Amino acid sequence: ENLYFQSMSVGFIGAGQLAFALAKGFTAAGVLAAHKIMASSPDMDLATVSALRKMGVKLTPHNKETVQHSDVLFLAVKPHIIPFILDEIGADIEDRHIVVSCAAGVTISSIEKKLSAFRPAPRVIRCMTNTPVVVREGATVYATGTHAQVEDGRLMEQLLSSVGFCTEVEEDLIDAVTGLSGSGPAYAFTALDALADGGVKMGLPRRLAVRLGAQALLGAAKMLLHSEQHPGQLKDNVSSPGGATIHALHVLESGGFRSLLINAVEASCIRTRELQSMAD
Amino acid sequence: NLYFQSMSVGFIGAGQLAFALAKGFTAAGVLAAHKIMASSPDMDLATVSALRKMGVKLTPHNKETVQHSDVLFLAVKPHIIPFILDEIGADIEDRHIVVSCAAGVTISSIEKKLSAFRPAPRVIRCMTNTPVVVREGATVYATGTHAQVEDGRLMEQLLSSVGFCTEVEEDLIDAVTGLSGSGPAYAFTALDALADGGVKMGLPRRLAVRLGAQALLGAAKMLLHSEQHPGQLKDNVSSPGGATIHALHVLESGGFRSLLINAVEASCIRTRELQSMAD
Amino acid sequence: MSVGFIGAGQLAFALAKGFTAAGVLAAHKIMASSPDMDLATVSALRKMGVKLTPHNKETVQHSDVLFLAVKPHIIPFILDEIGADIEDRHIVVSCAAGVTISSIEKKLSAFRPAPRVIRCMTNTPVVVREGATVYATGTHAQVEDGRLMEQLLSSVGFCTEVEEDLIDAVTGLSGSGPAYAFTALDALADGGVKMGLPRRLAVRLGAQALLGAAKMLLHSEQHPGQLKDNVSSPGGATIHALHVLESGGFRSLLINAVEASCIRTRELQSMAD
Amino acid sequence: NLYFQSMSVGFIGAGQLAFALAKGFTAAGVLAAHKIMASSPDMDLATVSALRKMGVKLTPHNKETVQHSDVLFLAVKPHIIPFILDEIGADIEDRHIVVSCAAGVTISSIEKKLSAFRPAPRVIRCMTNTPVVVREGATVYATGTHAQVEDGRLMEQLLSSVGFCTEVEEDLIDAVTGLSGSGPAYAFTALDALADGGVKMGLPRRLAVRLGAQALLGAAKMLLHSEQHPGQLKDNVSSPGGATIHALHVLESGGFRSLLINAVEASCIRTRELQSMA
Amino acid sequence: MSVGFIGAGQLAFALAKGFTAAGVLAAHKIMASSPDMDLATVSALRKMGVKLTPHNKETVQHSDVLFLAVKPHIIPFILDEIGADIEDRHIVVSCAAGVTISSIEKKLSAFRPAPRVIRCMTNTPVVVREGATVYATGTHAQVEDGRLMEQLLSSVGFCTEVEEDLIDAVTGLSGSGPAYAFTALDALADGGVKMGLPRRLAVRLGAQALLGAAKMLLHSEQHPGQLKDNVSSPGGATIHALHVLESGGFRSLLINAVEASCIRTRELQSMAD
Ligand SMILES: O=C(O)c1ccc2[nH]c(=O)[nH]c(=O)c2c1
Ligand SMILES: O=C(O)c1ccc2[nH]c(=O)[nH]c(=O)c2c1
Ligand SMILES: O=C(O)c1ccc2[nH]c(=O)[nH]c(=O)c2c1
Ligand SMILES: O=C(O)c1ccc2[nH]c(=O)[nH]c(=O)c2c1
Ligand SMILES: O=C(O)c1ccc2[nH]c(=O)[nH]c(=O)c2c1
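This paragraph deals with the overall build of chain C. Helix and strand counts for chain C come out as 12 helices and 8 strands. If one aligns the C-alpha atoms of chain C with their principal axes, the spans along those axes are about 70 × 40 × 35 Å. Long-range contacts, defined here as pairs at least 24 residues apart, represent 69% of the contacts in chain C between residues at least 6 apart.

A separate point is the overall build of chain A. A count of helices and strands for chain A gives 12 helices and 8 strands. On the principal axes, the C-alpha backbone points of chain A span a range of 70 × 40 × 35 Å. Contacts in chain A between residues far apart in sequence, at least 24 positions, make up 69% of those at least 6 positions apart.

With that out of the way, let us pick up unusual backbone geometry. Located in the positive-phi region is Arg136(A), a residue other than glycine, with phi close to 60°. Summarising the element assignment, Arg136(A) is placed in the loop between β6 (123–128) and β7 (138–144). The residue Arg135(B) is not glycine, and still its phi comes out positive at about 55°. Within the fold, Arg135(B) resides in the loop between β6 (122–127) and β7 (137–143).

What follows deals with the pairing of β6(A). Residue and element names in this part refer to chain A. Relative to β6, strand β5 (residues 98–101) runs parallel, the two sharing 4 bridges. Paired with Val99 across the strands is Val124, a residue of β6. In this view, the connection linking β5 to its parallel neighbour β6 by way of helix α5 (residues 108–116) has right-handed handedness. As defined by bridge partners, β6 adjoins β7 across 4 bridges and the pair is classed as antiparallel. Bridging from a neighbouring strand, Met128 pairs with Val141 of β7.

Turning our attention to the interface of chain B and chain A. Taken together, the contact between chain B and chain A spans 94 residues of the former and 95 residues of the latter. Those elements giving two or more residues to the side of chain B that touches chain A turn out to be β7, β8 (163–167), α7 (173–181), α8 (183–200), α9 (205–225), α10 (230–237), α11 (243–253) and α12 (256–278) of chain B. A per-element tally of the side of chain B that touches chain A places α9(B) first, with 19 residues. A breakdown of the residues in the side of chain B that touches chain A according to their chemical character gives 54 nonpolar, 28 polar and 12 charged.

The next thing to look at is the sheet that holds β5(A). Residue and element names in this part refer to chain A. The strand order β3-β2-β1-β4-β5-β6-β7-β8 describes an open sheet built from 8 strands, whose pairing is mixed. Edge strands, defined here as strands with exactly one partner in the open sheet, are β3 (58–60) and β8 (164–168). Averaged over all neighbouring strand pairs, the angle between strand axes comes to 25°, with direction disregarded. Strands in contact with helix α7 (residues 174–182) are β6 and β7; relative to β6, the strand with the most contacts, it is inclined by about 40°.

Counting residues at the interface gives 95 residues for chain D, matched by 94 residues for chain C. Of all the secondary structure elements, the ones that give two or more residues to the side of chain D that touches chain C are β7 (137–143), β8 (163–167), α7 (173–181), α8 (183–200), α9 (205–224), α10 (230–237), α11 (243–253) and α12 (256–277) of chain D. Considering each element in turn, the side of chain D that touches chain C owes the most residues, 18 residues, to α9(D).

Moving on to the environment of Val264(D). Locating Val264(D) in the fold gives a position in helix α12. Between the alpha carbons of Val264(D) and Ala50(D) there is a distance of 31 Å; along the sequence they are 214 residues apart. Ignoring anything within four residues of it in the chain, the contact list for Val264(D) reads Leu188(C), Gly191(C), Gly192(C), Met195(C), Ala175(D), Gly178(D), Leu179(D) and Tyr186(D).

This next bit is on the pattern of salt bridges. The partner of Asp168(C) in a salt bridge is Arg119(C), with the nearest N and O atoms 3.0 Å apart. With a gap of 49 residues between them, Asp168(C) in helix α7 (residues 167–175) and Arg119(C) in strand β6 (residues 116–121) connect regions that are remote in the sequence. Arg251(C) is paired through a salt bridge with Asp192(D); the nearest N and O atoms lie 3.0 Å apart. Linking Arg251(C) in helix α12 (residues 250–272) with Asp192(D) in helix α8, this pair reaches from one chain into another.

A few words on the UniProt feature "binding site: NADPH" in chain A. Residues and elements named next belong to chain A. Mapped onto the present numbering, the UniProt feature "binding site: NADPH" falls at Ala15, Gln17, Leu18, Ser41, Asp43, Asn63, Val77, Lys78, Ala104 and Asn237. What stands out for the annotated residues spanning 223 residues is how far apart their C-alpha atoms range, the widest pair being 53.9 Å apart. For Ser41, the location among the structural elements is in the loop between β2 (37–40) and α2 (47–55). Discounting residues that sit within four places of it in the chain, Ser41 has contacts with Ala15, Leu46, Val49, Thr60 and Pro61. A polar contact of 2.9 Å, which involves the side chain of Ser41, links it to the backbone oxygen of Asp43. Mapped onto the elements, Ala104 comes out in the loop between β5 and α5. Once residues lying within four places of it in the same chain are set aside, the contact partners of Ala104 are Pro79, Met128, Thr178 and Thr272.

For the non-touching pair chain A and chain D, the nearest C-alpha separation works out to 10 Å. If you take every C-alpha in chain B and every C-alpha in chain E, the smallest gap between them is 19 Å, and the two do not touch.

Residue and element names in this part refer to chain C. Put simply, helix α8 (residues 177–194) and helix α9 (residues 199–219) touch, their axes get as near as 8 Å, and they point 130° apart. The pairing of α8 with α9 is recorded here as oblique in orientation. Our pair here, α8 against α9, has a crossing hand that is right-handed. Touching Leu185, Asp186, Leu188, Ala189, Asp190, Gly192 and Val193 of α8 are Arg199, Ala202, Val203, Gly206, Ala207 and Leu210, all from α9.

Now for the packing of aromatic side chains. Ring centres 5.0 Å apart and planes at 15° place the aromatic pair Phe12(A) and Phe74(A) in the stacked group. Here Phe74(A) lies in strand β4 (residues 72–75) and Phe12(A) lies in strand β1 (residues 10–13), a separation of 62 residues in the sequence. Geometrically, the ring pair formed by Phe19(E) and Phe67(E) is tilted, given 6.1 Å between the ring centres and 45° between the ring planes. Linking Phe19(E) in helix α1 (residues 10–22) with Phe67(E) in strand β4 (residues 65–68), this pair joins segments that are 48 residues apart in sequence. Put simply, the rings of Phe12(A), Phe26(A) and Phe74(A) pair up and form one aromatic cluster.

What follows concerns the sheet that holds strand β2 (residues 30–33) of chain E. Residues and elements named next belong to chain E. The strand order across the open sheet built from 8 strands is β3-β2-β1-β4-β5-β6-β7-β8, with neighbouring strands paired in mixed fashion. The two strands at the open ends of the sheet, each matched to only one other strand, are β3 (51–53) and β8 (157–161). Shown here is a sheet whose adjacent strand axes are inclined to one another by a mean of 20°, direction ignored. For strand β5 (residues 91–94) and strand β6 (residues 116–121), the ladder comprises 4 bridges, and the chain directions are parallel. The residue bridging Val93 from the neighbouring strand is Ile118, located in β6. In this fold α1 packs onto β1 (3–6), β2 and β4, with an angle of close to 165° to the strand it touches most, β1.

Residue and element names in this part refer to chain A. The interhelical angle for the contact between α7 and helix α8 (residues 184–201), taken along N-to-C directions, is 25°, at an axis separation of 5 Å. As judged from the angle between their axes, α7 and α8 are roughly parallel. Every residue of α8 that contacts α7 at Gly179, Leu180, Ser181 and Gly182 is listed here: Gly184, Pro185 and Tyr187. Broken down by class, the residue content of the contact of α7 with α8 amounts to 3 nonpolar, 4 polar and no charged.

Let's shift gears to the pairing of strand β5 (residues 91–94) of chain C. All names here are of chain C. Bridging between strand β4 (residues 65–68) and β5 involves 4 bridges; their strand directions are parallel. Each bridged residue has a counterpart across the sheet, and for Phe67 the counterpart in β5 is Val93. What joins β4 to β5 is helix α4 (residues 75–82), and the crossover it makes is right-handed. Handedness of the β5-helix α5 (residues 101–109)-β6 crossover: right-handed.

Attention now moves to the environment of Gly212(D). If you trace the backbone, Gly212(D) turns up in helix α9. Through-space distance from the C-alpha of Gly212(D) to that of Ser276(D) is 39 Å; in sequence the pair is 64 residues apart. Ignoring sequence-local partners within four residues, the contact set of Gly212(D) consists of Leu173(C) and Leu191(D).

This next bit is on the environment of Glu87(E). Residue and element names in this part refer to chain E. One can find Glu87 in the loop between α4 (75–82) and β5. Each C-alpha atom of the pair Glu87 and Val143 lies 18 Å from the other, and the pair is 56 residues apart in sequence. A polar side-chain atom of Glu87 sits 2.2 Å from a polar atom in the side chain of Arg89.

Rules used throughout
Each chain is numbered from 1 in the order of its written sequence, a scheme that can depart from the entry numbering, and any residue without coordinates is omitted. Key to labels: chains lettered from A, ligands numbered from 1, both in the order written. Note that these chains sit within a larger assembly, yet all values were taken from the shown part only. Heavy atoms throughout the structure, all of them, feed into the side-chain values; hydrogens and water do not. Residues with missing side-chain atoms are left out of burial classes, side-chain pairs and their counts. Put simply, DSSP marks the helices as runs of H or I at least four residues long and the strands as runs of E at least two long, and each gets a number from the N terminus on. In this description, contact between two residues means that some pair of their heavy atoms is separated by no more than 4.5 Å. For two strands to be treated as a pair, DSSP must find no fewer than two bridges joining them. The handedness of a crossover follows from its direction of travel: if, with the strands pointing away from the viewer, the path from the first strand over the helix to the second runs clockwise, the crossover is right-handed. Charged residues are taken to be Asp, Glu, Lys and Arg, nonpolar residues to be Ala, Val, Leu, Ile, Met, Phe, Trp, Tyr, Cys and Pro, and polar residues to be all remaining types, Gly included. Here an axis means a line fitted to C-alpha atoms, over the contact stretch when the element is a helix, while the angle between two N-to-C directions is reported on a 0 to 180 degree scale. The working definition used for a salt bridge is a side-chain nitrogen of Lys or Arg within 4 Å of a carboxyl oxygen of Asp or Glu. UniProt positions are given in the numbering used here, feature names are shortened, and annotations may be inferred rather than shown by experiment. In protein, a polar contact means a hydrogen-donor-capable atom and an acceptor-capable atom, both N or O and within 3.5 Å, with residues adjacent in sequence counting only if both atoms are side-chain atoms; elsewhere, any N or O pair within 3.5 Å suffices. What sets the label is the angle itself: under 35 degrees gives roughly parallel, over 145 gives roughly antiparallel, 65 to 115 gives roughly perpendicular, and the rest give oblique. What makes a crossing left-handed is the near helix being turned counterclockwise from the far one by less than a right angle; a clockwise turn instead makes it right-handed. Classification of ring pairs rests on two measures: the distance between centres of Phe, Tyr or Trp rings, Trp counted by its six-membered ring, which must be within 6.5 Å, and the angle between planes, read as stacked under 30 degrees, edge-to-face over 60 and tilted in between.

Shown next, in the form of structure tokens:
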């Protein structure tokens, strides 16, 4: 509302799944006109690029053009690409820019070190988000850089709140957030596929089983978000004595279900830390 | 702009699912709380204490609920159902729609007990879940022998106000129980574990719970709004060599998918057992 | 166009058989050299019509496109043997797993500047013209070099250009993939035999099943999970079998395999460098 | 080809298998799409939409499919078969060849139900799979008590147009179900996982899927065109100390082979159960 | 002495090849009958010099010792086909797994009293004269019948008489044993290849290792655990490898195998009876 009237220009360096998801989310939110977004990519024959083209997002092979168009500039490329990108358009970053890095593991310090060689006070924000911004139910955290104004963090929270949950964190939490909510949707998609397989095994049509499993997970997550109760307490409320649910919970426990999800968060976090160590 | 002006709803049993439906129904604005009555043997229940605050009428006597109500939800444990039907069978009238939410309990068994008192009882079997309390439930129903077409349409309209609702053949309901009946508990277990993972890697517990729940909510919503297979949506998250595909490997190495299949199967089989013992 | 092979083991035979079955090369325009002129793969190229020789230098002098079909540990010795013989006309195509374009160009540049080098990763089903091939172009490979290589290798299966840093991963997937499939086919046949089928029939049916599913996926726009959903009737035989695969961590074993083959390929080159 | 000259085909059931066979048949040029009729209890399915696109005639009444068909494919679940035989049984004539594709359902059970209407029903039992849609199916069939010599011949020619087809004794069919009936789902599972492995090691998903499918297709063709044992072909692929033999070890360490045996066995046993129940 | 085979699959070929290699029977004094006169095992007996025929009755009329080398589910049909043709002179030797002497004698006694029946459990290495055979004598088998059978089958490997109730267990051990060994040899060769040996050499060395160890044990009075102790030098390579076998439950897998083959053999006969 107030952000739409700001008439912001947004740029994405990188035109893959995350850039498409955010562009789709921002336009569905009405905070940005699609034609006020510009995206660049070295490979213009990607499917995500054609989807962005149909939305009306401006597309170019030239990262400099994205930079010059943009007020808020998202870096949506892989971690090992970031230093080459900063070398290439570092001279084109202006005082008016806010540079938002979405690269997993890449530290504000490494970005500011590159950019400060060109102009002395680059405004940098580090972001970690996920694909459900496309349905305006993302989970986003951000940390502000050395030179990011207080108004810069409030602007970014306003923008990212339009497509889901958003909150400021200290940067040292972001690798862990990556393993939880960055990778989280993929754990859920895996779980939903498996639950549907279970529904089909027990005689449900696939379409119904997918719908029911997804509705179950959505409702449960919303319950927890609207409850101040522990998830174990909500689990207890579901499970009647001797009943169907408690029998199913036992077979999950017998396979170490809980430990697998802990293993997943840890593995994603650890990999995020070693992608940056390979950079560093 | 739905509102059932001439419908009175009663709950026999005042436990978790009764409160959840009454809360969902009232939050939806389709029923005034004062047109809902609930009966319970343990009037010191925490759920029976909350229903009073909403304005739901409470009574200790199942006969009062039956006499007050047109739509009668049977929200009791499965083994109590034949004792309930023995109690109020002679009080069932033509106007009544009896909606059983008892897991596993067949329409045939309910109709056989009620038909000893008055022929043609109108019976609908329901399987729903606790997220109706936030109007995001997953409900299926099957109509009995003597249920009229308007009965099912009315129940679907009512249960659609608190989440997804669709008609199914009765022999699918034990499997629905294993999937969406028990599913929220699988999700609560997963969210506790994901939060433990976040805490292990250094996040505060409160933030970890919030992020994990938001992640699951968003992913579920994506799937419901997409025509794409969940495997395609999974593919879009995982960048080559990246954090997510490394985490997906450790889920696979533990047989994560098989445990969720095991769970649906175990809940379904137990539902079939509970009934085969009722017979 | 004349083609030569340094090395005459399994992969050299598979390419030459595929190329000539494709009609893109005449067998008499192909030359192959081997140290052990007693390998069974050597006698097969003989019956095929390929010109044979023990001298690596003869192959170089007779061919324009030069395939290096030797084990990765022998490439430096081959380059040191023939490096003085490479000319402006030669396109050197290394099929050795792990071996970098950099390492080939370094050895050859000591003899003549700007060697034209291509790195290729292919697999044995080129012998039935259904291989899977990727290639990366070297520093001095001209534009027509890559296009020529794609034209040649597309005649024996799928072929596409990649950045060289993907090739070790390709090795773990389609380079080693046929071996995973042969293992799977042996095991599926054992399962058919356990359940009462004659071995010959069980082999034929399992192989046909795998061929048809692979073709379905290549010819469909749909995700393999969606095609899986279409096979599995509710409550049926297939979804019961898929559960027992999942319970054993079937998917993770295949991920483990691609990872292990890729990592070993990286080790083999690190030991070379 | 004079077998298929004036032949009309009907599918009772409009699910995934009826669609796959109708697509395969029309793609093969054996039958014309308009000469094919299908019936379903729910004309609002996903597959019934595609069949309408192809030009196949659709109806909600199975009696209409029977009266319009020479070769009648029963493409429904095994528990529905006795209900369908009760429904259309009085309409089966001496001209009809009844082809059951239901898993586990025995020729004897079908003949018993149809013999109450007319005494010599011509029955064939079939087990095929979804890759008939690209004419690379794997099909077996067994002929019933009253199937004429030309009947199995016609069936052989029809199903060979869409892939491999051979006659078997009926007592092998449950085992074939576990192997080539369910087989494609094992392959799709394996291809999804192999692509995940490629992605973990840095490949784009689209490329990883293409390479994995091509690897599987090429290996399968190699074995079909070779007289050699699959273990021999495996040995030819594995260079000493190399990448492939290292990957084969980790497959062996997880019992990869036993999982595929388990799968064939579980599918076969479920097929026997579905019949022993119904 | 004239010998016949009803059945001409793997086991019939192995016995006939072993017998004639042993010099105890002339190939022209051997007759074999099969329904599928197109099996590869049938053409091998042809090249060997064995007289072939499709008619089970011809084999019976031409031979004195009559081997039943058919699958266990076909024995009753064979007995019903030829039972009227058995005479005083015939010794009927059933090699079908699980099939009891009782069931054979019951079917044959309906035609002529006192049929002379032997039950045998052998294995494929009779083809190289290193088989393992046990036999049990029937109710009406004379004393010279057992001694003759031991003389014949000792020419193609180890042979001893047993009580019939041990034969299902023997089936699980030496009947199925060669298959366990072939599996073990394939896996040991894979291990040699992983560690850098060429496949042909790894197969030869692994097979020689197994042959020599088996011969050591047969020729020694010592317990296999004691011979194991003699191989394993303290701190050495062998004792490290034995630990990893133990950690995987190697011994229990072999016990599982003998048990599973024995139990299945009992099931197959229970289904027959
Ligand atoms: O590589 C991955 O698995 C992955 C997952 C989520 C992510 N979310 C985000 O905001 N930036 C990222 O790079 C990102 C990467
Ligand atoms: O025992 C349980 O865990 C359980 C779970 C979900 C349920 N949903 C419903 O509608 N009625 C029920 O009894 C029910 C019971
Ligand atoms: O040793 C191996 O496991 C192996 C497998 C496939 C290969 N394909 C190719 O093109 N060059 C290679 O060296 C190669 C090696
Ligand atoms: O139950 C199943 O999963 C299944 C799988 C493959 C099949 N192929 C066929 O031809 N008829 C079938 O019923 C069939 C059923
Ligand atoms: O089917 C089997 O696994 C098997 C193995 C060994 C055998 N040895 C013998 O003498 N008669 C048999 O039937 C036999 C059967």
